[PDB]
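> structure here, sequence nowhere to be found:
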Ligand SMILES: *[C@@H]1O[C@H](CO)[C@@H](O[C@@H]2O[C@H](CO)[C@@H](O[C@@H]3O[C@H](CO[C@H]4O[C@H](CO)[C@@H](O)[C@H](O)[C@@H]4O[C@H]4O[C@H](CO)[C@@H](O)[C@H](O)[C@@H]4O[C@H]4O[C@H](CO)[C@@H](O)[C@H](O)[C@@H]4O)[C@@H](O)[C@H](O[C@H]4O[C@H](CO)[C@@H](O)[C@H](O)[C@@H]4O[C@H]4O[C@H](CO)[C@@H](O)[C@H](O)[C@@H]4O)[C@@H]3O)[C@H](O)[C@H]2NC(C)=O)[C@H](O)[C@H]1NC(C)=O
Ligand SMILES: *[C@@H]1O[C@H](CO)[C@@H](O[C@@H]2O[C@H](CO)[C@@H](O[C@@H]3O[C@H](CO)[C@@H](O)[C@H](O)[C@@H]3O)[C@H](O)[C@H]2NC(C)=O)[C@H](O)[C@H]1NC(C)=O
Ligand SMILES: *[C@@H]1O[C@H](CO)[C@@H](O[C@@H]2O[C@H](CO)[C@@H](O[C@@H]3O[C@H](CO)[C@@H](O)[C@H](O)[C@@H]3O)[C@H](O)[C@H]2NC(C)=O)[C@H](O)[C@H]1NC(C)=O
Ligand SMILES: *[C@@H]1O[C@H](CO)[C@@H](O)[C@H](O)[C@H]1NC(C)=O
Ligand SMILES: *[C@@H]1O[C@H](CO)[C@@H](O)[C@H](O)[C@H]1NC(C)=O
Ligand SMILES: [Tb+3]
Ligand SMILES: [Tb+3]
Ligand SMILES: [Tb+3]
């Protein structure tokens, strides 16, 4: 049969199989890593010579040593097929090659392996002699691919080539050294010269064969087009499978070659429509023809449905479920609990407000400057100071009283006129009106002028009084109308208002009081900071209730004022209140001193939870020797909770925090407490202080005073349990905790690091339990009981396992608001659906840990990929899958227009010689007469281009290849040239996308690997790179002038501890996803966009052998026509390898330079299913980011074009401050008018007076383009317009024309373009360049126009033709 074979290979050589197997096996469990490292250092894996034998040996070992069970072994095989660990090993090599070798000066001979201790290299295990002092930049920085074994003050690193036997003795020297406790052990890799430099063959991608002619509709030669009765295709296709009775295989066989089976459907009483019944299924949940996947309730987006994305999900999910099923729950019961209604409700219901302590007490009464006092003002003197005034009657206005009950504190900036106006007009009227509210205001101090004016007003209050200070403010607003202190205005106030300033005497003239400037201003700053009452939008506090200063905040205030009054009334009727009481303190009962703090973060996503069962399984050695206070024997399930405190007992804050936890435990009988001592200094063993407390464990919480706890720590003589020390440092590494840092863990949730123990007091534990209890514990308890699993909770630790697992289930791997429509809410509404005639299951439900629910539409192209991947994941043991087929009756056009193959295996395949088999996409029995297009359906982080192919992948036909090459078999090889580093930026603290910011990617070898600019949409940016250690620096210039980037969010959205870094490392086939943070430098509202290679640069794109042949002619015409230097730029992925291999020969002959450029289409940006449309988008959407920043300007020339001009003239053409220049449509042809569609309603109404331009030739002043941020506007307008499919006929032409109102377009002389179709023959004498624009009444081909229209076209073609033969010979 005539076949097509496609294979993909990586841009880095294949690492040794041995090292790949220990990396795949030990994902991040270090115990399995070093336990296997021992085995190979024995010389145990030396007797296995072939990859198959080596692989075979690992299976026996893992099973025998208890590392893996059937479920985990099956998962290991699939991940090993995927070759997931290969980029992780290459990271070591790139790091070693670029940072180790240039920092290790000297002559290396015999130093294959060497430890690095105190910046000294030792080539021998005996450690007697040191070769050198390794350069400055410290290699002791712990980075992503590192592993640590044991605890030790000294840090030792071994760079080894594991392959040879020379490794074994070196390892044992440091393994034992770590076992003793002298130093902590870690292994780094060295590129092994025993292995060959063969490239790596990859899998986990898909190949598509797209039909490029779909117009026809009314073994295989061509698909037979049938009369347009498309409507039943999905419905009949679904039945075919149900009938088969081997349904999974049928769907795969049908869905892969679907276009070929279209006419074969609808035959022999085909419908069998019993499943018209299952549209009762449609009537309750999903619309017809929609593809939806669930993994234990989790709704997955399309990006997560690849082999890599799915393997990582199972890994995380199993850890979660296994933890649950150790309490006697079936996998089925466990999943049902995770996706329960009460659980999802809690995530939705975690948005409630509270009150905060607005008082002066902390700042010793020197920050709030009140305009009122209702108890002593001689305005309210007439009114009654009675409680019953509030409680009784009241109309609709406000009840008058002489008492302190309602307060309002508003922070005001004295530099800003609008802010000052609020106090003078707003606040004062309320005073005069005798409103029963006390009005206060605190100045904001963000600038120098503001600081001074706070001093001025504060001083004026202190000696002279409120009215005098008031007077300065009033006068300043009307009289001077600016913030800055005015003495011309100030002195007038003192002139009259300076009468008898009582109390402490006046000082006058200049203020720099050590107390007044320092204490008052810094105390004010302490109040604003404490309650986060400043920034872009300040915060007003009414009765401790935050109301941001926006819109009509007084309307919001009045609503709470009435609601607080009704709250006082009800307490009065119950007799709670008395005449001797401070009424404002009724609200302050549950108020917190600090607003935000790690417990109630304003960023709702900021949260970290750990698997509790995991904590007591991995660290059993540690957690069975920690001081434990069991929760009371006679307490209720609702009262139950588990708390663990991590603290540095060698610091006051560390031991203070534990005293508060012990205090809290005395009060709450239901809590079960654990104490973990985490010290900063490793000189003394951590086990001693833990042993001191476990002896006093019985006597715990009998500490009348704090000293009793302090003394207990110091007394006693103990023997260091070094086994305890080892499990302790493993716990911190697993939990991402630094040494000497304080943390608090209630039911898995971590808060910290605690810098000061005053932040977390006994009262803070009580609210932490109260809120945590509500959100996580109560929804678990209800849901659990609803299922009848409430027998399985046997204690506080037993309960924490369940609540901690369900909290981890609702934390997304992908932060909300950046990818697509799929939140972190596990649904269960598909369980209601009837399943008899649309569903089929694979795997045992009783034993399965993983439950997949796929809802696939057979007529969809997306379904083709889904089926192929799901079949391979179904082959895994312990996985259950259930499939639902839902087709649509709405089919206006052909449903599937392509053939599909997925390259993926569930277990590795081996050679006749035992080597690992490479994987390929082989299509057999391909129709001989159909024209096809080859496409790669590659994971989102991948950048792929064709490397080996002699055929036109854009125009494939077997009949032509047979008649030209003699073979019916086509083979093509692609290269995974780059892997993406992509991220989503944000400004700090007022989080906005910093657009126009420039970035530079670097390595220790070269400081300029790559460069890109930040986009407006999601602060998006990307880099093309391979495995290794990189760094991101802001480009020198305006970017570094305005900003400083605190972090690149390499761990997650965060901020997570340990991420205050600018280092990026890629060690995965999923690339690197980043969430960087940038904070503006001192007092800036600046913008980059506004100011405070070769002589000629031409770029183009071609999508066929003909268009590439025409592109060769275009470049040659330029060269013959200019006495200048030219550089050509190409869109890399749309070109053939035949063209790619030819250009150096064109460059040598014609004397030009060339560079390949590309950018991957963003995930947020709207895709193009039609390749020709993709190409058009590449010319207009990514102009600012496709070319390096160093390029001033570029010119686009179409492939079909020919140029007779010296192209420099276009560069020198004045653009009059416009970012890009285009040439207009020809008017010169007299009788062509009918086909001039840009004089019709839509185009003439829109283009009022502006021209209709041509995208065949144009100039882009790139520096101005980026400066104007034109690209962002093009992209968002495209995305918005693209919702309607008939929006842009030719987007390349239509987008600049639709944006010429918004973005200026410089218009070019029409000498710059000629086209026979629209320009007269007389015009061509003065023509500079010629486009071969379409017919449009005829079908004459481009080859015909070229020879007839231009006589020198053949001369150029002959030159290329003989050179191609000259190269071939
Ligand atoms: C990451 O990588 C690792 C790589 O190895 C993966 O593999 C796992 O490794 C760990 C070690 O790192 C293995 O851990 C085993 O833990 C057992 C714990 O079981 C005890 O505790 C439970 C608590 O619920 C209890 O139910 C059990 O009965 C059992 O016992 C306790 O019971 C009481 C309650 O705790 C307690 O009062 C009692 O004193 C007793 O504790 C004793 O044993 C403790 C063992 O650590 C010891 O610390 C105590 O001081 C006390 O002596 C543990 O029992 C296992 O030890 C085995 O190890 C040898 C192999 O069997 C054997 O020589 C030992 O004698 C001991 O045998 C005991 O268990 C068997 C039954 O299994 C029994 O027949 C014997 O009579 C003995 O009681 C291990 O230390 C773990 O097993 C590895 N596999 C798995 C599948 O987890 C790890 O999985 C990777 N991570 C992930 C996420 O995959
Ligand atoms: C007026 O009303 C209050 C109601 O709030 C009456 O109760 C007493 O109020 C005081 C506070 O003003 C309470 O003191 C507090 O006690 C707790 C412990 O319960 C302690 O933690 C606090 O630090 C503070 O000391 C007091 O307990 C409370 N009850 C009694 C019996 O005094 C108050 O009695 C009323 N006034 C009169 C004179 O009746
Ligand atoms: C690229 O550069 C070359 C060199 O400057 C340009 O060549 C030009 O071609 C004309 C052909 O008639 C030259 O004229 C001849 O000069 C010789 C000098 O010995 C003389 O003997 C002949 O009788 C005749 O006059 C001319 O010198 C030369 N330079 C210029 C400036 O015209 C070539 O045209 C350039 N290409 C393009 C497209 O501009
Ligand atoms: C369809 O198949 C055969 C065709 O002859 C017929 O005997 C049978 O009754 C039909 N069944 C249905 C359900 O239409
Ligand atoms: C499922 O089928 C039964 C058949 O009796 C029907 O009563 C029920 O309403 C159906 N439910 C759905 C959701 O289709
Ligand atoms: Tb002491
Ligand atoms: Tb303290
Ligand atoms: Tb053209």
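Right, received. Where do you want to start? Residues are numbered from 1 along each chain as shown. Ligands and ions are numbered 1, 2, ... in the order given.
> got the residues of this structure near ligand 7?
Along the chain, the residues adjacent to ligand 7 under the rule Cβ under 5 Å from the ion are 656, 757, 758. For the C-beta atoms, the positions are set from N, CA and C on the backbone; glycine is no exception.
> how is this protein divided into domains?
Segmentation of the chain into domains, based on automatic domain parsing, reads 13-197, 215-335+826-896, 361-590, 612-802, 985-1080, 1104-1124+1160-1364.
> okay if I get these as TSV plus mean neighbour count and distance to residue 976?
Listed next are those as TSV, based on neighbours: other Cβ atoms under 10 Å; distance: least, Cβ to Cβ, whole Å:
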stretch	mean neighbour count	distance to residue 976
domain 13-197	17	10
domain 215-335+826-896	17	13
domain 361-590	16	45
domain 612-802	18	31
domain 985-1080	19	9
domain 1104-1124+1160-1364	17	13
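> between these, which gets nearest to residue 912?
Nearest of the domains of the chain to residue 912, taken as Cβ to Cβ: domain 13-197 at 10.2 Å.
> in this protein, what residue comes closest to ligand 5?
Nearest residue of the chain to ligand 5 (Cβ to the nearest ligand atom) works out as residue 280 at 3.1 Å.
> how about that residue, nearest residue that isn't a chain neighbour?
Leaving aside its sequence neighbours, residue 280 sits nearest to residue 834 (Cβ to Cβ, 6 or more residues apart in numbering; 6.7 Å).
> tell me the contacts of that neighbour?
Shown in contact with residue 834 (Cβ atoms under 8 Å, 6 or more residues apart in numbering): 277, 278, 280, 281.
> contact partners for the residue in the stretch 1051-1200 of the chain positioned nearest to ligand 2?
At 35.2 Å from ligand 2, residue 1057 is the closest residue in the stretch 1051-1200 of the chain, using Cβ to the nearest ligand atom. Each residue near residue 1057 by Cβ under 8 Å, 6+ apart is listed here: 736, 737, 738, 741, 752, 753.
> how far away is the third one from ligand 1?
So the one you mean is residue 738. For residue 738, the distance to ligand 1 (Cβ to the nearest ligand atom, to the nearest Å) stands at 23 Å.
> equivalent analysis for the fourth one, please.
According to Cβ to the nearest ligand atom, residue 741 and ligand 1 sit 25 Å apart.
> circling back to that earlier point, following element in sequence after the strand or helix carrying the residue of the chain closest to ligand 5, please.
Under the criterion of DSSP states H and E, residue 280 resides in helix 279-282. Later in the chain than helix 279-282, the nearest helix or strand by DSSP H and E is strand 292-295.
> give me the next element, helix or strand, following that following strand.
strand 298-299.
> that next one: how far from the chain's middle?
Relative to the centre of its chain, strand 298-299 is centred 18 Å away, using Cα atoms, centre = their mean, to the nearest Å.
> residue 956 and residue 950 touch, don't they?
No: Residue 956 lies out of contact with residue 950 (Cβ atoms under 8 Å); the separation is 11.8 Å.
> who's more crowded, the two?
residue 956 (21 against 13; other Cβ atoms under 10 Å).
> what sits against the more buried one?
Listed by Cβ under 8 Å, 6+ apart, the contact set of residue 956 reads 4, 209, 931, 932, 933, 934, 970.
> tell me what the fifth one is bridged to.
Pointing back at residue 933 there. residue 210 (DSSP bridges).
> pull the contacting residues for it.
Residues near residue 933 by Cβ under 8 Å, 6+ apart: 209, 210, 211, 212, 953, 954, 955, 956, 1171.
> skip the chain neighbours and tell me the closest residue to the fifth one.
The reference is to residue 953. Spatial nearest neighbour of residue 953, chain neighbours left out: residue 934 (4.1 Å); criterion: Cβ to Cβ, 6+ apart.
> wouldn't that neighbour be in contact with residue 955 here?
No: in this structure residue 934 lies outside contact range of residue 955 using Cβ under 8 Å: 10.0 Å.
> neighbour count for the two, which is higher?
residue 934 (22 against 16).
> so what touches the helix holding residue 280?
Contact partners of helix 279-282, identified using Cβ under 8 Å, 6+ apart, comprise 288, 833, 834, 838, 884, 886.
> starting at the chain centroid, how far to that helix?
37 Å.
> got it, and stretch 356-374?
On Cα atoms, centre = their mean, the centre of stretch 356-374 falls 43 Å from that of its chain.
> which stretches in the stretch 1001-1150 of the chain count as strands?
1010-1013, 1020-1025, 1028-1034, 1043-1047, 1063-1066, 1072-1074, 1077-1080, 1096-1100, 1126-1131 (DSSP state E, counting those that start in this stretch).
> quick one, longest strand in the chain?
Ordering each strand of the chain by length in residues (DSSP state E) puts strand 970-984 first.
> who are the packing partners of the longest helix along the chain?
Ranked by number of residues, the top helix in the chain under DSSP state H is helix 553-573. With contacts taken as 3 or more Cβ pairs under 8 Å, 6 or more residues apart in numbering; DSSP states H and E, helix 553-573 sits against helix 387-391, strand 406-412, strand 539-542, strand 545-548.
> can you lay out these as TSV showing distance to residue 729?
Listed next are these as TSV, based on distance: least, Cβ to Cβ, whole Å:
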stretch	distance to residue 729
helix 387-391	60
strand 406-412	46
strand 539-542	43
strand 545-548	42
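> now residue 195: closest residue in space that isn't a chain neighbour?
Spatially, and ignoring its direct neighbours in sequence, residue 195 is nearest to residue 16 (5.1 Å; Cβ to Cβ, 6+ apart).
> who's in contact with the one you found?
Residue 16 touches 162, 163, 192, 194, 195, counting by Cβ under 8 Å, 6+ apart.
> just give me the closest of the residues you listed to ligand 6.
Using Cβ to the ion, the shortest approach to ligand 6 within the contacts of residue 16 belongs to residue 162, at 50.0 Å.
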